[PDB]
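Read the single chain below, which is given as structure tokens and is the form deposited in one PDB entry.
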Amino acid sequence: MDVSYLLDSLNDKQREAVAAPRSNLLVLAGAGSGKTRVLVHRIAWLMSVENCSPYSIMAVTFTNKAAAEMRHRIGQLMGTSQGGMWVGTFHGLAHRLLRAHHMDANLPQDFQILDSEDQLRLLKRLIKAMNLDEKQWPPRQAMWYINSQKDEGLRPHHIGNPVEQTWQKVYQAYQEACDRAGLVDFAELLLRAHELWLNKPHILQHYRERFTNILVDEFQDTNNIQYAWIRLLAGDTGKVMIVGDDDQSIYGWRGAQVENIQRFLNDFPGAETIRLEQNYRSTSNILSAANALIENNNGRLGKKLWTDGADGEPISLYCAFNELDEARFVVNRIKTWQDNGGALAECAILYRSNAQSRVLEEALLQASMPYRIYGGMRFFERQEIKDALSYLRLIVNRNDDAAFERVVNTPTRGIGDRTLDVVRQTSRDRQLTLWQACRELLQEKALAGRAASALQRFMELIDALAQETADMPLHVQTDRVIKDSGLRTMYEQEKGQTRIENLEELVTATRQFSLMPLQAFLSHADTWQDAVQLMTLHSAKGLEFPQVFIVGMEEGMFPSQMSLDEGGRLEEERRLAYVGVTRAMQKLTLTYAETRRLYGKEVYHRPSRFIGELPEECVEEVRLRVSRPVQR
């Protein structure tokens, strides 16, 4: 309300952005200059000065992390009276639109989302089916190919070419398998929803009417299908605010090209730019490091932020003996921080790839220090969880090929490979769902003796649980199914436990969760406990922390080897470095190991070039500081 409390903190350029006329505006600026602060306040202003309805406001961005930040800051300022405005990820909002419109979207109301592992598998089987050798046409290669097409909003038909006309064939097969199965992968969510507004002008006209105010954070993350989606939703009616930093462009590998920025200026009516120039997040030391670091990339522009702040502590650089010594030294410095009254949560440990988290996790455990690893939607990746959730999915729909496959013979119940190759082929040949094929092959006797009887048993079971829990609440249904499938019995007696604990926790998760049950759960997914924050440098973008530790600062790790090999992704790695550095508020610490063990082999990586690119006066090497003098 009190417009005065909206403008008090803001500086010149921020004010101009927040208190501007309703127009298409781009706020371009480096890290920690208040772009997100601006976007959030701009929402408050659209509401009290321009008296705009909360319903006409869509705040969207790419990662869950960044969306949560927006969502969070929007609460602190407007005490969650926001009820009405849409604040989420592109995928999230796309999902939302496709659910409530599955009809014009040619999607069965209870469509299932196909994640990576599930997509990877459906592709394997689909290729092995099409009678194609795994090594000549690798599954992953097909996934990348397919997702890439959708990232560009290209359907199979849209595409005279070489040995990709075949890939173009696998793509088409895949679509068919998914549609028939009622599955939708991530890339699909965005593409479908876009098509939605292209073939249902009345639905589009509806939204253009509702969402007159569109705001996008971390804009340089948006790829082509996402850009189009927004340009479309805006038309000539919508007024949009995009904020970003081309220096933090780190999703090239998924279609997000820097150009989408200048593109916005060319495409949206009367588009204009506002440039923030003052950093408020970090000490002068960190910021000078950042600027120097980014300054190594070519082209760019040269905006350079500045700060009143004092130099502050230096950037710590510790050369660990190996990956264990690395984790240990980090956990050590966090303790000191804690012992002097610092919150664990005010500390983040950042790495280039998730693989690096295991060693850190063990050191943290080994020191009884609480922590959170944001593998964002990874708990449901764990074998046991994917299995449990698969029975449920079948219960929801038998056509969930992905689900049918994962447990038809898990736990083992006769139904072996042979029996299945028959069923699979049936689906391939008669264009049916794995369950649809079984339906027939049974009422056709075609199956063997103990064979058609093992399959019969199963199908009786799946349908059996779909009755017993057709009343029970998701929290108890997820309990019964787990025991009545033998998943419990089968896991317990495995030797190698912690695995079964997760199943029980899944029960609790479903238990304390906000038709509904359907997706509602698997989708949306206890923070009061102070804990150390662990996440990839990519996920950290948009976030900030008082104490920041970036591990694995070595050539081959960061910059990753891939980037090093196909020598072209290096300015992007340096931009990711920039992200990492600009995340630190008070203290930044970078560590690297003289030796670590990868693919069972000791390697001695050279120190990352990024460490050297930092100004010597901001970096201070960590030097460590007798034991009793030296019977039988």
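Start at 1 and count along the sequence shown; that's the residue number. Heads up, when I say rigid core I mean the largest set of C-alphas that superpose within 1.5 Å between the two forms.
Quick note: we don't show the form deposited in another entry, though the next part is all about it.
- Comparing the two forms between this form and the one not shown on the rigid core, the single residue of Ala345, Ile203, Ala466, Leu122 with a CA shift of 2 Å or greater is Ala345.
- Comparing the forms between this form and the one not shown, the C-alpha position of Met535 differs by 2 angstroms or more, with the core used for superposition.
- Core-aligned CA deviation for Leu301 between this form and the one not shown: 2 Å or greater.
- After superposition on the rigid core, displacement of the C-alpha of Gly375 between this form and the one not shown amounts to 2 Å or more.
- CA of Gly299 to CA of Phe264: closer by 3 Å or more in that other deposited form than in the shown form.
- The pair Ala228 and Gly299 approaches in that other deposited form: their C-alpha atoms are at least 3 Å nearer to each other than in the form depicted.
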